[PDB]
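Asker: give me a model of this one.
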Amino acid sequence: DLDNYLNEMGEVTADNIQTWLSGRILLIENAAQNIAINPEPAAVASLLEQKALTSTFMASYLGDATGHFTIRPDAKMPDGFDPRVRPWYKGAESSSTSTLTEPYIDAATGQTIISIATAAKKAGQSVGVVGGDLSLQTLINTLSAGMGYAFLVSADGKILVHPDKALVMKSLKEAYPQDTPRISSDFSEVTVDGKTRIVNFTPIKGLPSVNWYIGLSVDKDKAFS
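Answerer: Residues are numbered from 1 along each chain as shown. And now the structure:
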């Protein structure tokens with residue numbers, strides 16, 4: 001009924017964001033691979049400056065175990081900036097594949113972003129970590145391109161991307177303290193803004209390092225009709 005429409009639409013939404021992310025992950029992997037061939041700083045700079053990267057990401061960059069950092073487009077980083085302590089770096093150094101960060105505060109722009117990152121390895125030997133930034137707004141736009149809306153939630157129940165920006169990086173409990181939607185169940189009903197809503201969770205397949213779900217929240221009335 002409404003159930004099968006929401007299961008279908010969860011699946012299409014999840015598949016869309018997977019295909020959207022997977023090509024961007026491939027660009028960052030490709031970059032880490034090319035950086036590994038020749039990690040010299042002039043060659044690194046030239047690779048990161050290319051249009052395919054600059055038109056896809058806010059910026060791409062390489063940080064290494066000495067703390068050296070190269071970012072394109074170039075940007076004045078904050079005083080004391082050390083790439084090694086940033087969440088994209090730590091997440092990628094402690095992974096055998098590519099990663100995606102949860103939202104965090106961009107050191108370059110001050111905006112909330114996520115990052116795709118992967119370790120650049122020559123002959124099994126790490127030359128640094130390469131990352132590319134995507135804005136939260138870009139993600140919000142991707143999940144919204146009727147009866148309801150889509151949001152992105154981690155498998156811990158942390159809301160990562162939501163059209164209501166106030167709920168970003170709130171747990172499901174904190175965001176919906178009364179009648180908390182459960183990832184463990186097929187459907188959830190919860191009252192918000194004085195309406196009853198039906199909530200669905202669909203896993204996103206094929207992302208490296210992360211286990212994230214598409215949430216669908218729908219009006220019980222404007223779709224039952």
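Asker: could you pull out the buried residues of stretch 79-97?
Answerer: Residues 83, 84, 86, 87, 88, 89, 90, 91, 92, 93 are the ones in stretch 79-97 that count as buried (16 or more other CB atoms under 10 Å). C-beta coordinates here come from the backbone N, C-alpha and C atoms, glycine included.
Asker: I figured residue 191 hits residue 179, correct?
Answerer: Yes: between residue 191 and residue 179 there is a contact at 6.3 Å, judged by CB atoms under 8 Å.
Asker: closest to residue 44 among the buried residues of stretch 79-97?
Answerer: The nearest member of those to residue 44, counting by CB to CB, is residue 83 at 13.0 Å.
Asker: and the gap between the closest residue to residue 95 other than its chain neighbours and residue 116?
Answerer: Once flanking residues are discounted, residue 95 sits nearest to residue 209: 5.2 Å by CB to CB, 6 or more residues apart in numbering. For residue 209, the distance to residue 116 equals 10 Å [CB to CB, to the nearest Å].
Asker: overlap in contacts, the two.
Answerer: Counting by CB atoms under 8 Å, 6 or more residues apart in numbering, the shared contacts of residue 209 and residue 116 are 98, 99, 100.
Asker: so can I have TSV of these showing neighbour count?
Answerer: What follows is the shared contacts of residue 209 and residue 116, written out as TSV (neighbours: other CB atoms under 10 Å):
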residue	neighbour count
98	21
99	26
100	22
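Asker: next, format those as JSON lines and append distance to residue 39 and secondary structure.
Answerer: Listed next are the shared contacts of residue 209 and residue 116 as JSON lines, based on distance: CB to CB, whole Å; DSSP: H, G, I helix; E, B strand; the rest coil:
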{"residue": "98", "distance to residue 39": "18", "secondary structure": "coil"}
{"residue": "99", "distance to residue 39": "20", "secondary structure": "strand"}
{"residue": "100", "distance to residue 39": "23", "secondary structure": "strand"}
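Asker: between residue 209 and residue 116, which one's more packed in?
Answerer: Neighbour tally, residue 209 and residue 116, criterion other CB atoms under 10 Å: the higher count belongs to residue 116, 29 against 18.
Asker: what packs against the longest helix seen in the chain?
Answerer: The longest helix of the chain (DSSP state H) is helix 2-37. Secondary-structure packing of helix 2-37 (3 or more CB pairs under 8 Å, 6 or more residues apart in numbering; DSSP states H and E): helix 41-48, helix 51-56, strand 60-63, strand 112-122, strand 125-135, helix 136-144, strand 195-203, strand 212-219.
Asker: show me what the one residue sitting closest to the centre of the chain is bridged to.
Answerer: In the chain, the centroid-proximal residue (CA atoms, centre = their mean) is residue 114; its distance is 4.9 Å. Beta bridges link residue 114 to residue 134, judged by DSSP bridges.
Asker: how close does it get to residue 132?
Answerer: Applying CB to CB to residue 114 and residue 132 gives a distance of 10 Å.
Asker: residue 156 is nearest to which of the helices and strands packed on helix 2-37?
Answerer: Checking those against residue 156 by CB to CB gives strand 212-219 as the closest, at 9.8 Å.
Asker: who touches the closest one?
Answerer: 2, 6, 9-10, 13-14, 17, 143, 147-155, 159-160, 181, 183, 192, 195-204.
Asker: pull out the buried residues from these.
Answerer: 6, 9-10, 13-14, 17, 143, 147-154, 159-160, 181, 183, 197-202, 204.
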